[PDB]
């Protein structure tokens, strides 16, 4: 095919072990998540993959995933572009709560609604939230407009702010012939896959990308996949 695109979702994070909602909280990879990224990078290396430009988020679990991959494929010299628009979904007032605290505060009915809904956001992250200043006041978002900095996101919102970066910055590079690697998060990559494959809301909500695994798209010149996404790695994985 004309073009080749590779995606990778970061592995386990420090708060995954605590089953706390991270969202825009900047949790690091756990040691296992780091090893996952090493194995994904080794897979890209064994297949001889070469890239020309990399995109990631401003969250260190994704950036460290990208770094680990670039180390394993000996392409640390590649240009790297970071953007908030590839960040994980913003989980609003749920940020920092674990599974038990979430169920305790909101009830399983409300939680089920948030789980299966495409466009209903979680509560907003208010100024008295324990991570409000940690996230909303982080200088890395200093240049965001008031309507750009979310207090909370539905999956719809997440995709709606990821896809402008895709269209305006990634698509031109792919059509320039550059081999792109995107290292990001479950829900931002969902936005990209939903656009690539023309998936429905239900279908994208049922899609769970595996972690630490290179995802390969073969694309024609209009960036339509010519075959299903392919996972790279040993036969087991």
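Positions refer to the first chain, counted from 1. Throughout, rigid core stands for the largest set of C-alpha atoms superposing within 1.5 Å between the two forms.
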key: Core-aligned Cα RMS comparison in 9 other deposited structures of this protein - stretch that moves more, 111-119 or 148-156   = 111-119
Which of 209-217 and 7-15 lies farther from this form in 9 other deposited structures of this protein, as RMS of C-alpha positions after a rigid core fit = 7-15
message = If you average the CA temperature factors as listed in the entry, which stretch comes out higher, 20-28 or 219-227?
response = 219-227
remark   = The stretch carrying the higher mean Cα B factor in the deposited entry, 79-87 or 142-150, is 142-150
query = Taking the Cα B-factors listed in the entry, which of 205, 70, 181, 58 comes out highest?
reply = 205
query = Sorting the chain's CA B-factors, does residue 8 end up in the lowest, middle or highest third?
reply = lowest
Third of chain Cα B-factors occupied by residue 121 = highest
query = Which third of the chain holds residue 65 when residues are ordered by C-alpha B factor: lowest, middle or highest?
reply = lowest
note = The third of the chain into which the C-alpha temperature factor of residue 98 falls is the lowest
ask   = Going by the entry, which third of its chain does the Cα temperature factor of residue 43 land in?
value = middle
